[PDB]
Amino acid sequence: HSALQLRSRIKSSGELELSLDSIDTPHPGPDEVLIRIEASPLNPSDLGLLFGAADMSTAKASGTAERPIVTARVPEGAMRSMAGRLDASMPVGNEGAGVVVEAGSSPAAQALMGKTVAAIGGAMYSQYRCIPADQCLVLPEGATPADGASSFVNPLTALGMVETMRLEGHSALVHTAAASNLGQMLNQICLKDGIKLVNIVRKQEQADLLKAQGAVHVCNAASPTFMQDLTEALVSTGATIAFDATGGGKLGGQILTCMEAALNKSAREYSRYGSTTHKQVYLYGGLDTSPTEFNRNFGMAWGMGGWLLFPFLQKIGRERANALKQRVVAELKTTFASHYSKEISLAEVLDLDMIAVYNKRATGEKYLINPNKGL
């Protein structure tokens, strides 16, 4: 049999073509299972791969309603960033969940037969995926695929922020774009675990959503007293590590500047180079594509850098990663609940009206894909 899977092709011509390809469905080998995928989130990392650097204002629809095609043009300036995927037909979708419908002969694979599972196997925007049994997370009794669709990326990143805070000797943390699904989870984790947290948003609606969910400190970057508000929240929390999803713009430096201000309130001597307390900002997303810019008014005890989930998980090791996953399974519908504004079919992923919404990365407007919808 064959079935459909989304593909994203950036051509050397400068064209993006998004399509639903007909792909033969493998039978699983001894150590594999075949999963009928029923739920897979559209996260920012997936959008990055889906559209690459295409200018989506140039998008045009062709194909048929059942087999849509979207083409768009990548600007000349962006082509070098695409070099490594030129002329490659890329499957899309980091993670998802569904039902195991075939299992290879091994006892590991056989033990998953008929179970509802989640996996971060890539190519999850697909009707069927043949995956190793050891890459599957069995979901709790009563969890639907939609309940388990987002078990890996956001939950483990949220837990990994706290883990990183501890490992690197900090006691409280700051998180930006905090009304994201990930931010909502982090807030739940911090409230439950007694970890002081500064949430940073950019609209009062976002601040209300978090306050409604019990957030103690919410600072609005849009506010004319933001720096005052943030400094006061940092005095309160003692946070010296930050996770910034924006990446570009000024927020990273603003946070460093406010941390140093907060630290200096308790400074006992004059320090030539500021506080000796290390302040860290991790840029773990790139929602703001403008240049990163900051003044260095925070002394010498600071760092900023990238953060990625998979290298993190490799660092803490598989046992500790498992302890984190166990928590996610146990709290799947509470601490690690995700909200989606819409559930759509594979064909609907390539509807220009759908793209127009979900490609905003707007608060409360995450879409869930059901590759098999209505069938």
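Residue positions are given as counts along the sequence shown, with the first one as 1.
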Next item on the list: Take the C-alpha B-factors listed in the entry for 137-145 and for 267-275, compute each mean, and give the stretch with the larger one.
Entry: 267-275
Item checked: Segment of higher mean CA temperature factor, 300-308 or 146-154 -> 146-154
Next item on the list: Specify which of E95, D208, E293, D244 carries the largest Cα B factor in the deposited PDB entry.
Entry: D208
Check: When you compare the CA B-factors of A178, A172, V281, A222 as listed in the entry, which one comes out on top?
Finding: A222
Margin query: Based on the deposited C-alpha B factors for this chain, I'd like to know if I316 is in the lowest, middle or highest third.
Written below: highest
Notebook entry, point to check: With respect to C-alpha B-factor, does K196 fall in the lowest, middle or highest third of the chain as deposited?
Noted result: lowest
Check: Compared with the other modelled residues in the chain, in which third is the CA B-factor of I35?
Finding: lowest
Notebook entry, point to check: Lowest, middle or highest third of the chain for the C-alpha temperature factor of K11?
Noted result: middle
Check: Within this chain, which third does the Cα B-factor at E168 fall in: lowest, middle or highest?
Finding: lowest
